[PDB]
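A.B. asks: The file below is entry.cif, mmCIF, C-alpha atoms and all ligand atoms:
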```cif
data_final
#
loop_
_atom_site.label_atom_id
_atom_site.label_comp_id
_atom_site.auth_asym_id
_atom_site.auth_seq_id
_atom_site.Cartn_x
_atom_site.Cartn_y
_atom_site.Cartn_z
CA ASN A 1 87.70 89.57 83.29
CA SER A 2 84.52 91.65 83.20
CA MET A 3 82.30 88.72 84.22
CA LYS A 4 84.69 87.99 87.11
CA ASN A 5 84.26 91.35 88.86
CA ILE A 6 81.15 92.21 90.85
CA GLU A 7 80.36 95.18 88.59
CA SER A 8 78.87 92.77 86.05
CA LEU A 9 76.43 91.33 88.62
CA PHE A 10 74.03 94.24 89.05
CA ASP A 11 71.71 96.64 87.32
CA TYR A 12 72.35 100.27 88.27
CA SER A 13 69.97 103.11 88.95
CA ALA A 14 70.60 106.20 86.83
CA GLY A 15 71.91 107.96 89.93
CA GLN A 16 74.42 105.22 90.72
CA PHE A 17 75.57 104.94 87.11
CA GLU A 18 75.98 108.68 86.52
CA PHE A 19 77.84 109.12 89.81
CA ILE A 20 80.42 106.48 88.89
CA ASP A 21 80.78 107.97 85.42
CA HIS A 22 81.26 111.44 86.93
CA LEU A 23 83.91 110.21 89.36
CA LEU A 24 85.92 108.72 86.49
CA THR A 25 85.58 111.84 84.34
CA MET A 26 86.39 114.15 87.26
CA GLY A 27 89.47 112.01 87.80
CA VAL A 28 90.61 112.45 84.21
CA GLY A 29 90.26 116.20 84.65
CA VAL A 30 92.23 116.44 87.89
CA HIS A 31 95.14 114.41 86.53
CA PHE A 32 95.46 116.28 83.23
CA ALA A 33 95.16 119.60 85.09
CA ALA A 34 98.02 118.56 87.38
CA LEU A 35 99.99 117.38 84.34
CA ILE A 36 100.14 120.98 83.12
CA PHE A 37 101.21 122.17 86.58
CA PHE A 38 104.06 119.65 86.81
CA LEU A 39 105.12 120.42 83.24
CA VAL A 40 105.28 124.15 83.90
CA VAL A 41 107.15 124.05 87.22
CA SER A 42 109.84 121.65 85.98
CA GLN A 43 111.80 124.68 84.76
CA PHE A 44 112.04 125.81 88.41
CA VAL A 45 113.62 122.49 89.47
CA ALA A 46 117.39 122.04 89.42
CA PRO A 47 118.73 119.34 87.06
CA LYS A 48 119.52 117.29 90.17
CA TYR A 49 115.82 116.75 90.88
CA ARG A 50 114.15 117.52 87.55
CA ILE A 51 113.48 113.86 86.76
CA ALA A 52 111.26 113.70 89.85
CA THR A 53 108.82 116.28 88.49
CA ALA A 54 109.02 114.60 85.07
CA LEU A 55 108.00 111.29 86.64
CA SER A 56 104.89 113.01 87.99
CA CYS A 57 103.90 113.99 84.45
CA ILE A 58 104.21 110.32 83.46
CA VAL A 59 102.06 109.25 86.42
CA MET A 60 99.38 111.84 85.62
CA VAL A 61 98.97 110.91 81.95
CA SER A 62 99.15 107.16 82.60
CA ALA A 63 96.49 107.46 85.30
CA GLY A 64 94.44 109.90 83.21
CA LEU A 65 94.42 107.60 80.18
CA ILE A 66 93.28 104.59 82.23
CA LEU A 67 90.56 106.60 83.98
CA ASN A 68 89.51 107.87 80.55
CA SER A 69 89.52 104.32 79.19
CA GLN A 70 87.43 103.19 82.17
CA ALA A 71 84.85 105.96 81.72
CA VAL A 72 84.26 104.95 78.10
CA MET A 73 84.15 101.23 78.87
CA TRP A 74 81.64 102.11 81.59
CA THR A 75 79.30 103.84 79.13
CA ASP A 76 79.93 101.22 76.42
CA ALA A 77 78.96 98.30 78.68
CA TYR A 78 75.60 99.55 80.00
CA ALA A 79 72.38 100.81 78.41
CA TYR A 80 69.36 102.43 80.05
CA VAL A 81 66.62 99.81 79.66
CA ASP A 82 63.29 99.77 81.52
CA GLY A 83 64.41 102.23 84.17
CA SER A 84 67.90 100.99 85.04
CA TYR A 85 71.34 100.65 83.49
CA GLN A 86 71.76 97.00 82.52
CA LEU A 87 74.83 95.17 81.25
CA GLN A 88 74.93 95.05 77.45
CA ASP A 89 78.52 94.14 76.54
CA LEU A 90 81.33 92.47 78.50
CA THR A 91 83.80 95.34 78.30
CA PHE A 92 84.36 96.76 81.81
CA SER A 93 86.66 95.54 84.58
CA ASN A 94 89.00 97.02 87.16
CA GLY A 95 91.88 94.92 85.83
CA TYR A 96 93.19 97.93 83.92
CA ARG A 97 93.68 99.78 87.20
CA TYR A 98 96.12 97.03 88.17
CA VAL A 99 98.03 97.57 84.93
CA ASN A 100 98.18 101.30 85.67
CA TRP A 101 99.78 100.35 88.99
CA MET A 102 102.49 98.13 87.51
CA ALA A 103 103.83 101.17 85.64
CA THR A 104 102.88 104.04 87.95
CA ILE A 105 104.06 102.59 91.28
CA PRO A 106 107.70 102.35 90.09
CA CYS A 107 107.45 105.97 88.93
CA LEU A 108 106.08 107.10 92.30
CA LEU A 109 108.76 105.15 94.17
CA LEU A 110 111.62 106.48 92.03
CA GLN A 111 110.76 110.16 92.49
CA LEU A 112 110.83 109.65 96.27
CA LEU A 113 114.32 108.14 96.13
CA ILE A 114 115.51 111.03 93.96
CA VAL A 115 114.46 113.74 96.41
CA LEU A 116 115.92 111.71 99.29
CA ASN A 117 119.25 112.38 97.50
CA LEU A 118 120.06 108.72 96.90
CA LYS A 119 122.42 108.10 93.99
CA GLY A 120 124.65 105.53 92.37
CA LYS A 121 124.77 102.00 93.73
CA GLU A 122 122.28 102.54 96.55
CA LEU A 123 119.63 104.16 94.34
CA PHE A 124 119.80 101.33 91.79
CA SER A 125 119.63 98.50 94.34
CA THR A 126 117.02 100.14 96.56
CA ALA A 127 114.72 100.76 93.59
CA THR A 128 115.09 97.21 92.26
CA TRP A 129 113.94 95.73 95.57
CA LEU A 130 111.13 98.27 95.94
CA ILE A 131 109.90 97.63 92.39
CA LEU A 132 110.13 93.84 92.73
CA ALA A 133 108.17 94.01 95.99
CA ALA A 134 105.60 96.37 94.45
CA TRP A 135 105.11 94.21 91.35
CA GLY A 136 104.73 91.13 93.54
CA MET A 137 102.10 92.98 95.58
CA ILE A 138 100.28 94.10 92.43
CA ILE A 139 100.45 90.77 90.57
CA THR A 140 99.20 88.72 93.53
CA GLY A 141 96.41 91.26 94.02
CA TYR A 142 95.44 91.13 90.35
CA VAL A 143 95.15 87.34 90.49
CA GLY A 144 93.08 87.61 93.65
CA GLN A 145 90.46 90.00 92.31
CA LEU A 146 89.84 87.56 89.45
CA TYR A 147 87.99 85.57 92.16
CA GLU A 148 86.01 88.35 93.86
CA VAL A 149 82.78 86.78 92.54
CA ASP A 150 83.56 83.09 92.15
CA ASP A 151 85.76 82.44 95.21
CA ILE A 152 86.03 85.00 98.01
CA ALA A 153 88.22 82.70 100.11
CA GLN A 154 90.77 82.73 97.28
CA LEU A 155 90.59 86.53 97.06
CA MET A 156 91.51 86.66 100.75
CA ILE A 157 94.44 84.24 100.40
CA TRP A 158 95.91 86.17 97.47
CA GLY A 159 95.17 89.36 99.38
CA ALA A 160 97.23 88.15 102.33
CA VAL A 161 100.18 87.21 100.11
CA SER A 162 99.87 90.64 98.49
CA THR A 163 99.79 92.31 101.91
CA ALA A 164 103.08 90.65 102.87
CA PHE A 165 104.83 92.33 99.94
CA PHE A 166 103.08 95.60 100.85
CA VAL A 167 104.42 95.41 104.41
CA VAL A 168 107.97 94.71 103.24
CA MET A 169 107.85 97.51 100.66
CA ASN A 170 106.75 99.94 103.37
CA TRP A 171 109.53 98.74 105.67
CA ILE A 172 112.12 99.58 103.00
CA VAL A 173 110.50 102.91 102.11
CA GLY A 174 110.26 103.89 105.77
CA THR A 175 113.78 102.81 106.68
CA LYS A 176 115.35 104.74 103.80
CA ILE A 177 113.36 107.90 104.56
CA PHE A 178 114.29 107.91 108.25
CA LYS A 179 117.97 107.05 107.67
CA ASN A 180 118.42 109.72 104.97
CA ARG A 181 116.25 112.71 105.87
CA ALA A 182 119.23 114.46 107.50
CA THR A 183 120.86 114.95 104.08
CA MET A 184 117.81 116.90 102.90
CA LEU A 185 118.07 120.62 102.27
CA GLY A 186 115.80 123.60 102.78
CA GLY A 187 114.21 122.06 105.84
CA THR A 188 112.66 119.30 103.73
CA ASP A 189 113.78 116.80 106.37
CA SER A 190 110.51 117.80 108.05
CA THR A 191 108.39 117.60 104.90
CA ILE A 192 109.54 114.14 103.82
CA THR A 193 108.15 112.63 107.03
CA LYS A 194 104.66 113.90 106.20
CA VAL A 195 104.94 112.28 102.76
CA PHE A 196 105.62 108.94 104.45
CA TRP A 197 102.40 109.19 106.45
CA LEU A 198 100.44 110.40 103.41
CA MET A 199 101.65 107.32 101.52
CA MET A 200 100.74 105.04 104.43
CA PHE A 201 97.21 106.44 104.57
CA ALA A 202 96.57 106.78 100.84
CA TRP A 203 98.12 103.45 99.82
CA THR A 204 96.16 101.53 102.48
CA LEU A 205 92.85 102.66 100.96
CA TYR A 206 93.46 100.35 97.98
CA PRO A 207 93.26 97.07 99.96
CA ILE A 208 90.05 98.38 101.55
CA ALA A 209 88.45 98.90 98.14
CA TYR A 210 89.87 95.48 97.21
CA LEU A 211 87.78 93.92 100.01
CA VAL A 212 84.43 95.60 99.18
CA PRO A 213 83.15 92.39 97.52
CA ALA A 214 83.54 90.52 100.81
CA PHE A 215 81.59 92.98 102.98
CA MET A 216 79.40 95.01 100.59
CA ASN A 217 78.48 92.74 97.67
CA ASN A 218 75.84 94.99 96.12
CA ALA A 219 75.47 97.94 93.78
CA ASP A 220 76.18 100.41 96.59
CA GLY A 221 79.46 98.55 97.13
CA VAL A 222 80.44 99.10 93.49
CA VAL A 223 79.84 102.83 93.96
CA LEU A 224 81.76 102.79 97.26
CA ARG A 225 84.82 101.06 95.80
CA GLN A 226 85.00 103.53 92.91
CA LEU A 227 84.71 106.32 95.48
CA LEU A 228 87.60 104.91 97.52
CA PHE A 229 89.71 104.41 94.38
CA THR A 230 89.11 108.07 93.50
CA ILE A 231 90.20 109.30 96.93
CA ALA A 232 93.19 106.94 96.93
CA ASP A 233 94.25 108.01 93.42
CA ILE A 234 94.09 111.75 94.13
CA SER A 235 96.04 111.30 97.36
CA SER A 236 98.65 108.77 96.20
CA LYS A 237 99.29 110.34 92.77
CA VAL A 238 98.22 113.99 92.73
CA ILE A 239 98.75 115.28 96.28
CA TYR A 240 101.82 113.06 96.71
CA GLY A 241 103.16 114.52 93.47
CA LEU A 242 102.54 118.09 94.61
CA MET A 243 104.56 117.42 97.77
CA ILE A 244 107.43 115.72 95.93
CA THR A 245 107.64 118.75 93.62
CA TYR A 246 107.60 121.15 96.57
CA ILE A 247 110.51 119.19 98.06
CA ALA A 248 112.30 119.23 94.70
CA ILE A 249 111.86 122.99 94.37
CA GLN A 250 112.84 123.75 97.97
CA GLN A 251 116.01 121.64 97.91
CA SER A 252 116.83 123.12 94.50
CA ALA A 253 116.60 126.62 95.96
CA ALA A 254 118.70 125.70 99.00
CA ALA A 255 121.26 124.24 96.56
CA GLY A 256 121.70 127.50 94.65
CA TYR A 257 119.37 127.04 91.67
CA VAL A 258 118.22 130.59 90.99
CA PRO A 259 114.96 129.81 89.11
CA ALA A 260 113.88 127.80 92.16
CA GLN A 261 114.95 130.71 94.38
CA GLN A 262 113.09 133.07 92.05
CA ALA A 263 109.95 130.93 92.07
CA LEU A 264 109.86 130.24 95.81
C1 LIG B 301 98.82 89.48 105.90
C2 LIG B 301 98.75 89.67 107.41
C3 LIG B 301 100.13 90.04 107.96
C4 LIG B 301 100.16 91.52 108.30
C5 LIG B 301 101.45 91.84 109.05
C6 LIG B 301 101.37 93.26 109.62
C7 LIG B 301 102.73 93.69 110.16
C8 LIG B 301 102.64 95.14 110.65
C9 LIG B 301 104.04 95.72 110.83
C10 LIG B 301 104.58 96.53 109.94
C11 LIG B 301 103.85 96.95 108.66
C12 LIG B 301 104.80 97.74 107.76
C13 LIG B 301 104.82 99.20 108.20
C14 LIG B 301 106.22 99.79 108.08
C15 LIG B 301 106.27 101.03 108.97
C16 LIG B 301 107.57 101.79 108.75
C17 LIG B 301 108.73 100.90 109.20
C18 LIG B 301 109.98 101.75 109.38
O1 LIG B 301 109.95 102.91 109.13
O2 LIG B 301 111.16 101.15 109.82
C19 LIG B 301 111.91 101.95 110.69
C20 LIG B 301 113.36 101.46 110.68
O3 LIG B 301 113.44 100.19 111.25
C21 LIG B 301 114.19 102.45 111.50
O4 LIG B 301 114.56 103.53 110.69
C1 LIG B 302 98.25 104.51 92.08
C2 LIG B 302 99.30 104.33 93.07
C3 LIG B 302 99.41 103.35 93.98
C4 LIG B 302 100.57 103.35 94.92
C5 LIG B 302 98.46 102.23 94.13
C6 LIG B 302 98.73 101.41 95.14
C7 LIG B 302 97.99 100.18 95.39
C8 LIG B 302 98.25 99.28 96.35
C9 LIG B 302 99.37 99.48 97.33
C10 LIG B 302 97.43 98.06 96.46
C11 LIG B 302 97.57 97.19 97.46
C12 LIG B 302 96.85 95.92 97.65
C13 LIG B 302 97.06 95.17 98.75
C14 LIG B 302 97.98 95.61 99.85
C15 LIG B 302 96.34 93.89 99.10
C16 LIG B 302 95.07 93.79 98.28
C17 LIG B 302 95.44 94.00 96.82
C18 LIG B 302 95.95 95.41 96.55
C19 LIG B 302 96.70 95.27 95.23
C20 LIG B 302 94.76 96.35 96.37
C1 LIG B 303 113.57 93.77 87.19
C2 LIG B 303 113.26 95.12 87.83
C3 LIG B 303 114.51 95.99 87.88
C4 LIG B 303 114.17 97.44 88.23
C5 LIG B 303 115.39 98.34 88.02
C6 LIG B 303 114.99 99.77 87.65
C7 LIG B 303 115.29 100.78 88.75
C8 LIG B 303 116.36 101.78 88.32
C9 LIG B 303 116.57 102.80 89.41
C10 LIG B 303 117.15 104.13 89.12
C11 LIG B 303 117.52 104.51 87.70
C12 LIG B 303 118.23 105.86 87.69
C13 LIG B 303 117.36 106.94 87.06
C14 LIG B 303 118.17 108.19 86.72
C15 LIG B 303 118.20 109.16 87.90
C16 LIG B 303 118.08 110.61 87.42
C17 LIG B 303 119.33 111.06 86.68
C18 LIG B 303 119.50 112.56 86.81
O1 LIG B 303 118.93 113.21 87.72
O2 LIG B 303 120.24 113.18 86.02
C1 LIG B 304 105.22 92.17 83.32
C2 LIG B 304 106.45 91.90 84.19
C3 LIG B 304 106.04 91.18 85.47
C4 LIG B 304 107.26 90.70 86.25
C5 LIG B 304 106.98 89.37 86.93
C6 LIG B 304 108.05 89.04 87.97
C7 LIG B 304 107.76 89.72 89.30
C8 LIG B 304 108.09 88.82 90.48
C9 LIG B 304 107.14 89.11 91.62
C10 LIG B 304 106.43 88.01 92.29
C11 LIG B 304 105.95 86.83 91.47
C12 LIG B 304 104.67 86.24 92.05
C13 LIG B 304 104.31 84.96 91.30
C14 LIG B 304 102.83 84.60 91.43
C15 LIG B 304 102.43 83.68 90.28
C16 LIG B 304 101.09 82.99 90.54
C17 LIG B 304 99.93 83.78 89.95
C18 LIG B 304 99.31 82.99 88.81
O1 LIG B 304 98.98 81.80 88.97
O2 LIG B 304 99.13 83.52 87.69
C1 LIG B 305 93.51 92.44 101.44
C2 LIG B 305 93.80 91.93 102.85
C3 LIG B 305 93.82 90.41 102.92
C4 LIG B 305 93.07 89.92 104.16
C5 LIG B 305 93.29 88.43 104.41
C6 LIG B 305 92.22 87.86 105.33
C7 LIG B 305 92.74 86.63 106.07
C8 LIG B 305 91.73 85.49 106.07
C9 LIG B 305 90.54 85.84 106.93
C10 LIG B 305 89.48 84.84 107.15
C11 LIG B 305 89.23 83.77 106.12
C12 LIG B 305 87.80 83.25 106.20
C13 LIG B 305 87.45 82.49 104.92
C14 LIG B 305 85.96 82.17 104.86
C15 LIG B 305 85.43 82.23 103.43
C16 LIG B 305 84.59 81.00 103.11
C17 LIG B 305 84.17 81.00 101.64
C18 LIG B 305 82.77 81.56 101.53
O1 LIG B 305 81.78 80.89 101.91
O2 LIG B 305 82.59 82.70 101.05
CL CL B 306 106.77 115.46 91.35
CL CL B 307 89.87 95.37 92.73
#
```
For this file, produce the structure as structure tokens.
C.D. replies:
Amino acid sequence: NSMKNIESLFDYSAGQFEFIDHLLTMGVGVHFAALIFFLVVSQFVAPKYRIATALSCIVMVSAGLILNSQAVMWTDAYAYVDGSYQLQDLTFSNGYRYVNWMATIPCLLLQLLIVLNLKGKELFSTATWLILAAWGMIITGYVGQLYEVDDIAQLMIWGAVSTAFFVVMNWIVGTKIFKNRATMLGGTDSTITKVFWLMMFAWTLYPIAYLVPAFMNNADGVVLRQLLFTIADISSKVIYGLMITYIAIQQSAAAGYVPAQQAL
């Protein structure tokens, strides 16, 4: 799929190449640093909500491994020749980001439903529909970006089908949050509403990066998309995880879990 993405179309100045490489490496570092944080604070989370913080560890490592894979594919595919980085081997594509989403998006969705205090029948059915919608969004998007060079019209059609799933997923997420925030302890009924708007903002950056080929088909666009991915990843995975943990700890403390009370 490397020859299908716009990355394969351009030579890169040293500055452009090193910046992209440094974004990807910086990203590996932020995720594995947060992995340790989530690992260590899980002992301060009541059993009720401990899976939520554990799911963040899974998200961090999954995202960190992909970003680490990308950084090495990026340096494997290009060589500095005659004053610019030129494609040598067909080994880089964003398609692996989409495979990190198939597995990480369910994890991110499930930790939200856990701290909303859903359980039993409703948790199982709500997650199934959220995961089906999210996989439909991702799959249709993955097919679309296969055409970001050869057929932009087709990228837009698949993007619109993907956006329909996205809208429906957000309608479910939003409805559940607003119908269940009253059950939330420790005043986290107020915090959960900020998480909803963080998700809305951070998750909507991905379709924007998706569209870069249509409005900035050049080497600066490749840099820009990677920049947006980096901001979207840190906000949708790292910051979102920090807030889910804070909600887990706070509710734990309000529920009589002493380590949480000790920690907070
Ligand atoms: C592909 C082109 C078609 C694009 C179509 C754009 C439609 C925009 C509308 C909603 C977007 C989804 C945003 C969902 C916002 C939260 C919804 C919500 O919270 O629902 C409240 C509930 O009804 C009470 O509790
Ligand atoms: C790493 C975590 C998350 C939640 C990544 C989320 C990505 C999306 C919601 C992507 C959405 C897309 C849409 C709405 C339409 C264009 C294709 C995309 C897959 C980029
Ligand atoms: C075909 C796609 C189907 C997707 C179904 C998978 C979704 C399952 C949802 C919730 C599983 C329950 C996870 C356990 C909750 C934590 C238990 C605990 O806190 O002790
Ligand atoms: C790896 C498990 C993936 C699960 C697949 C089932 C998810 C159902 C979600 C929506 C299906 C959308 C079907 C689009 C197929 C056309 C794309 C193509 O031609 O390859
Ligand atoms: C990711 C969000 C999806 C956005 C869907 C956009 C809806 C369609 C908008 C206008 C379609 C115009 C198609 C013109 C492309 C002609 C092909 C070409 O010459 O490049
Ligand atoms: Cl978490
Ligand atoms: Cl993409």
A.B. asks: Pick the closest to residue 95 of chain A from A:62, A:56, A:2, A:250: which is it, counting only C-alpha atoms?
C.D. replies: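 Under the stated criterion, the closest residue is A:2.
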A.B. asks: If you count all atoms listed in the file, which residues end up within 9 Å of ligand LIG 305 (chain B), as a PyMOL selection string?
C.D. replies: chain A and resi 141+150-163+206-211+214
A.B. asks: Hey, can you check how far atom CA of residue 65 of chain A sits from atom CA of residue 28 of chain A?
C.D. replies: 7.4 Å
A.B. asks: So the first atom is atom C14 of ligand LIG 304 (chain B) and the second is atom CA of residue 9 of chain A; what is the distance between them in Å, to one decimal place?
C.D. replies: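 Spanning atom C14 of ligand LIG 304 (chain B) to atom CA of residue 9 of chain A is a straight-line distance of 27.4 Å.
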A.B. asks: Would you tabulate, counting all atoms listed in the file, all residues of chain A that have an atom at most 9 Å from an atom of ligand LIG 301 (chain B), showing the closest pair of atoms and their distance in Å to one decimal, sorted by chain then ascending number, as a tab-separated table?
C.D. replies:
```
residue	atom	partner	partner_atom	distance
A:157	CA	B:LIG301	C1	8.8
A:159	CA	B:LIG301	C1	7.5
A:160	CA	B:LIG301	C1	4.1
A:161	CA	B:LIG301	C1	6.4
A:162	CA	B:LIG301	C1	7.6
A:163	CA	B:LIG301	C1	5.0
A:164	CA	B:LIG301	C1	5.4
A:165	CA	B:LIG301	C1	8.9
A:166	CA	B:LIG301	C12	7.4
A:167	CA	B:LIG301	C12	4.1
A:168	CA	B:LIG301	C12	6.3
A:169	CA	B:LIG301	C12	7.7
A:170	CA	B:LIG301	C14	4.7
A:171	CA	B:LIG301	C17	4.2
A:172	CA	B:LIG301	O2	7.1
A:173	CA	B:LIG301	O1	7.0
A:174	CA	B:LIG301	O1	3.5
A:175	CA	B:LIG301	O4	4.1
A:176	CA	B:LIG301	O4	7.0
A:177	CA	B:LIG301	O1	7.6
A:178	CA	B:LIG301	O4	5.0
A:179	CA	B:LIG301	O4	5.8
A:196	CA	B:LIG301	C16	8.6
A:200	CA	B:LIG301	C13	8.1
```
A.B. asks: Can you tell me, as a VMD selection string, what residues are no more than 10 Å from residue 205 of chain A when counting all atoms listed in the file, ignoring any on the same chain fewer than 3 positions away?
C.D. replies: chain A and resid 199 to 202 208 to 210 225 228 to 233 235 to 236
A.B. asks: Using all atoms listed in the file, determine which residues fall within 9 Å of ligand LIG 304 (chain B), then list them as a PDB file with C-alpha atoms, keeping the file's coordinate frame.
C.D. replies:
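Just written: result24.pdb:
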```
ATOM      1  CA  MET A 102     102.490  98.130  87.510  1.00  0.00           C
ATOM      2  CA  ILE A 131     109.900  97.630  92.390  1.00  0.00           C
ATOM      3  CA  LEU A 132     110.130  93.840  92.730  1.00  0.00           C
ATOM      4  CA  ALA A 133     108.170  94.010  95.990  1.00  0.00           C
ATOM      5  CA  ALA A 134     105.600  96.370  94.450  1.00  0.00           C
ATOM      6  CA  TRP A 135     105.110  94.210  91.350  1.00  0.00           C
ATOM      7  CA  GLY A 136     104.730  91.130  93.540  1.00  0.00           C
ATOM      8  CA  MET A 137     102.100  92.980  95.580  1.00  0.00           C
ATOM      9  CA  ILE A 138     100.280  94.100  92.430  1.00  0.00           C
ATOM     10  CA  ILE A 139     100.450  90.770  90.570  1.00  0.00           C
ATOM     11  CA  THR A 140      99.200  88.720  93.530  1.00  0.00           C
ATOM     12  CA  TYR A 142      95.440  91.130  90.350  1.00  0.00           C
ATOM     13  CA  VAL A 143      95.150  87.340  90.490  1.00  0.00           C
ATOM     14  CA  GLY A 144      93.080  87.610  93.650  1.00  0.00           C
ATOM     15  CA  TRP A 158      95.910  86.170  97.470  1.00  0.00           C
ATOM     16  CA  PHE A 165     104.830  92.330  99.940  1.00  0.00           C
TER      17      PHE A 165
END
```
A.B. asks: Have a look at A:61, A:244, A:234, A:6 and name the one nearest to ligand LIG 302 (chain B); count only C-alpha atoms and all ligand atoms.
C.D. replies: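 The answer is A:234, which sits nearest to ligand LIG 302 (chain B).
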A.B. asks: Output as a tab-separated table one row per residue of chain A within 9 Å of ligand CL 306 (chain B): the closest atom pair and its distance in Å to one decimal place, counting all atoms listed in the file, sorted by chain and residue number ascending.
C.D. replies:
```
residue	atom	partner	partner_atom	distance
A:38	CA	B:CL306	CL	6.7
A:42	CA	B:CL306	CL	8.8
A:50	CA	B:CL306	CL	8.6
A:51	CA	B:CL306	CL	8.3
A:52	CA	B:CL306	CL	5.1
A:53	CA	B:CL306	CL	3.6
A:54	CA	B:CL306	CL	6.7
A:55	CA	B:CL306	CL	6.4
A:56	CA	B:CL306	CL	4.6
A:57	CA	B:CL306	CL	7.6
A:108	CA	B:CL306	CL	8.4
A:111	CA	B:CL306	CL	6.7
A:112	CA	B:CL306	CL	8.6
A:238	CA	B:CL306	CL	8.8
A:240	CA	B:CL306	CL	7.7
A:241	CA	B:CL306	CL	4.3
A:242	CA	B:CL306	CL	6.0
A:243	CA	B:CL306	CL	7.1
A:244	CA	B:CL306	CL	4.6
A:245	CA	B:CL306	CL	4.1
A:246	CA	B:CL306	CL	7.8
A:247	CA	B:CL306	CL	8.5
A:248	CA	B:CL306	CL	7.5
```
A.B. asks: Would you mind telling me which residue in A:123, A:14, A:264, A:224 lies nearest to residue 79 of chain A when using only C-alpha atoms?
C.D. replies: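 With only C-alpha atoms as the atom set, the closest residue is A:14.
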A.B. asks: Counting only C-alpha atoms, figure out which residue out of A:212, A:195, A:60, A:66 gets nearest to residue 39 of chain A.
C.D. replies: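 Closest residue, counting only C-alpha atoms: A:60.
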A.B. asks: Would you mind putting N, CA, C and O atoms back on segment 216-228 of chain A and writing the result as a PDB file, in the coordinates of the input?
C.D. replies:
```pdb
ATOM      1  N   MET A 216      80.467  94.197 101.153  1.00  0.00           N
ATOM      2  CA  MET A 216      79.400  95.010 100.590  1.00  0.00           C
ATOM      3  C   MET A 216      79.187  94.570  99.140  1.00  0.00           C
ATOM      4  O   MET A 216      79.441  95.298  98.181  1.00  0.00           O
ATOM      5  N   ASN A 217      78.700  93.337  98.985  1.00  0.00           N
ATOM      6  CA  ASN A 217      78.480  92.740  97.670  1.00  0.00           C
ATOM      7  C   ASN A 217      77.111  93.184  97.159  1.00  0.00           C
ATOM      8  O   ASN A 217      76.123  92.452  97.204  1.00  0.00           O
ATOM      9  N   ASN A 218      77.064  94.418  96.670  1.00  0.00           N
ATOM     10  CA  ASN A 218      75.840  94.990  96.120  1.00  0.00           C
ATOM     11  C   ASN A 218      76.215  96.241  95.348  1.00  0.00           C
ATOM     12  O   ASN A 218      77.367  96.682  95.360  1.00  0.00           O
ATOM     13  N   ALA A 219      75.212  96.817  94.676  1.00  0.00           N
ATOM     14  CA  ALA A 219      75.470  97.940  93.780  1.00  0.00           C
ATOM     15  C   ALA A 219      75.987  99.161  94.535  1.00  0.00           C
ATOM     16  O   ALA A 219      76.736  99.966  93.969  1.00  0.00           O
ATOM     17  N   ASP A 220      75.594  99.334  95.800  1.00  0.00           N
ATOM     18  CA  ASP A 220      76.180 100.410  96.590  1.00  0.00           C
ATOM     19  C   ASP A 220      77.656 100.142  96.866  1.00  0.00           C
ATOM     20  O   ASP A 220      78.441 101.085  97.007  1.00  0.00           O
ATOM     21  N   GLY A 221      78.049  98.868  96.943  1.00  0.00           N
ATOM     22  CA  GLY A 221      79.460  98.550  97.130  1.00  0.00           C
ATOM     23  C   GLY A 221      80.290  98.920  95.915  1.00  0.00           C
ATOM     24  O   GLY A 221      81.420  99.397  96.050  1.00  0.00           O
ATOM     25  N   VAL A 222      79.744  98.703  94.715  1.00  0.00           N
ATOM     26  CA  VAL A 222      80.440  99.100  93.490  1.00  0.00           C
ATOM     27  C   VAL A 222      80.688 100.603  93.497  1.00  0.00           C
ATOM     28  O   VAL A 222      81.788 101.069  93.182  1.00  0.00           O
ATOM     29  N   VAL A 223      79.669 101.383  93.859  1.00  0.00           N
ATOM     30  CA  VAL A 223      79.840 102.830  93.960  1.00  0.00           C
ATOM     31  C   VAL A 223      80.896 103.161  95.015  1.00  0.00           C
ATOM     32  O   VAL A 223      81.773 104.008  94.803  1.00  0.00           O
ATOM     33  N   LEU A 224      80.825 102.494  96.172  1.00  0.00           N
ATOM     34  CA  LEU A 224      81.760 102.790  97.260  1.00  0.00           C
ATOM     35  C   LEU A 224      83.198 102.528  96.834  1.00  0.00           C
ATOM     36  O   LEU A 224      84.085 103.353  97.074  1.00  0.00           O
ATOM     37  N   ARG A 225      83.454 101.379  96.205  1.00  0.00           N
ATOM     38  CA  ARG A 225      84.820 101.060  95.800  1.00  0.00           C
ATOM     39  C   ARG A 225      85.358 102.111  94.837  1.00  0.00           C
ATOM     40  O   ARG A 225      86.497 102.569  94.978  1.00  0.00           O
ATOM     41  N   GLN A 226      84.564 102.486  93.830  1.00  0.00           N
ATOM     42  CA  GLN A 226      85.000 103.530  92.910  1.00  0.00           C
ATOM     43  C   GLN A 226      85.273 104.828  93.663  1.00  0.00           C
ATOM     44  O   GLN A 226      86.212 105.561  93.333  1.00  0.00           O
ATOM     45  N   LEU A 227      84.465 105.126  94.682  1.00  0.00           N
ATOM     46  CA  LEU A 227      84.710 106.320  95.480  1.00  0.00           C
ATOM     47  C   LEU A 227      86.040 106.229  96.209  1.00  0.00           C
ATOM     48  O   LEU A 227      86.813 107.193  96.215  1.00  0.00           O
ATOM     49  N   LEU A 228      86.335 105.075  96.813  1.00  0.00           N
ATOM     50  CA  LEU A 228      87.600 104.910  97.520  1.00  0.00           C
ATOM     51  C   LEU A 228      88.781 104.966  96.550  1.00  0.00           C
ATOM     52  O   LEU A 228      89.801 105.596  96.849  1.00  0.00           O
TER      53      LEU A 228
END
```
